[PDB]
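First up is the structure itself, then whatever we jot down about it.
Cβ: placed from backbone, ideal geometry, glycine included. Neighbour counts: every protein chain shown. Derivation of every value follows stated rules applied to the coordinates shown; laboratory data play no part.
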Protein chains: 2
Amino acid sequence: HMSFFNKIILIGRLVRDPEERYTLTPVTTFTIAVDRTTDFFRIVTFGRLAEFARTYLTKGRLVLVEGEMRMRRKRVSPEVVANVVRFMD
Amino acid sequence: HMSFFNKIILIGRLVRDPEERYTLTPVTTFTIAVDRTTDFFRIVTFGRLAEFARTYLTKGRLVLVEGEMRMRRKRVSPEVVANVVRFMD
């Protein structure tokens, strides 16, 4: 329950290699190019998905990303907290 | 065809009344509160949907928004170009 919903699904290329970035643990970020001019999206992954991201994802590679569109303030910064990342190619 | 994909689906309240804003024609914008802290999203509508938006949408009202997440630069500004807006309440 809640009464709200936030879902984003993107398919794009990785335009550069993922950054592994362990918190407190594992966080991997990468930005994908989702062309329509292009839209660029910062993707964030956590835990095993962060782990999967860093040890398998590389630039150019085409991925599906499923997650939430975070509008994080305070100066509003848009990131996708991914719950799913699959290779497409 | 293309090889890319960009889909966003949000359900949130309108936190203020829509702005009708005719181009060249009809464009209506509004921002929804999609709480998880909240994420705020600028929604853009065009044509009959802009028309529908302005003449039917008001603050507080809970809507589904389906569309695309635009990352428009150049200083990157996130808007949802909606293809669908339904009342939920």
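Per-residue mean of foreign Cβ neighbours for B:5-14 is 6 (Cβ atoms of other chains, 10 Å radius). Distance from the C-alpha centroid of the stretch B:47-75 to that of the stretch A:3-35: 25 Å, rounded to the whole angstrom. Along its first, second and third principal axes, ordered by size, the stretch B:1-48 spans 37, 35, 13 Å in Cα coordinates. Summarising the amide proton neighbourhood of A:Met88: residues at separation of 5 or more, or on other chains, whose placed amide H is nearer than 5 Å comprise A:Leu62, A:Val63, A:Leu64. In terms of surrounding Cβ atoms within a 10 Å radius of their Cβ, B:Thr37, A:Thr28 rank from fewest to most as B:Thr37, A:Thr28. Note on the protein assembly as shown: the C-alpha convex hull projects to 11.7 nm² when averaged across all orientations. Each of B:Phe41, A:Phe87, A:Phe46 has some number of other Cβ atoms within 10 Å of its Cβ, and from fewest to most they run A:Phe87, A:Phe46, B:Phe41.
For B:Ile9, the point set 7 Å out from Cα toward Cβ sits 0.7 nm from its twins in the other copies, listed from shortest up. Only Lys, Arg, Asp and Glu carry charge here, each on its Cβ (+1 for the first two, -1 for the last two); on that basis chain B has a dipole of about 300 debye about its Cα centre.
Computed 3J(HN,Hα) for the stretch A:44-54, one whole-Hz value per residue from the Karplus formula 6.51 cos²θ - 1.76 cosθ + 1.60 where θ = phi - 60°, is 10, 10, 10, x, 4, 5, 3, 4, 4, 4, 3, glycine and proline marked x.
Partner shielding of A:51-61 amounts to 0, given as the average count of beta-carbon atoms from other chains within 10 Å of each residue beta-carbon. Of all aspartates and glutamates in the structure, those lying under 20 Å Cα to Cα from A:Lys59, and not within fewer than 8 positions of it along the same chain, are A:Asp17, A:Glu19, A:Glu20, A:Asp35, A:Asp39, A:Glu51, A:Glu79, A:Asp89. Both numbers refer to the Cα atoms of chain B; Rg and Dmax are 12.9, 39 Å.
Each other copy places its own label point for B:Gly60 at 5.7 nm from this one, sorted shortest first, where the point lies 7 Å along the Cα-to-beta carbon line. Of B:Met88, B:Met71, the sequence from fewest to most neighbouring Cβ atoms within 10 angstrom is B:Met88, B:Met71.
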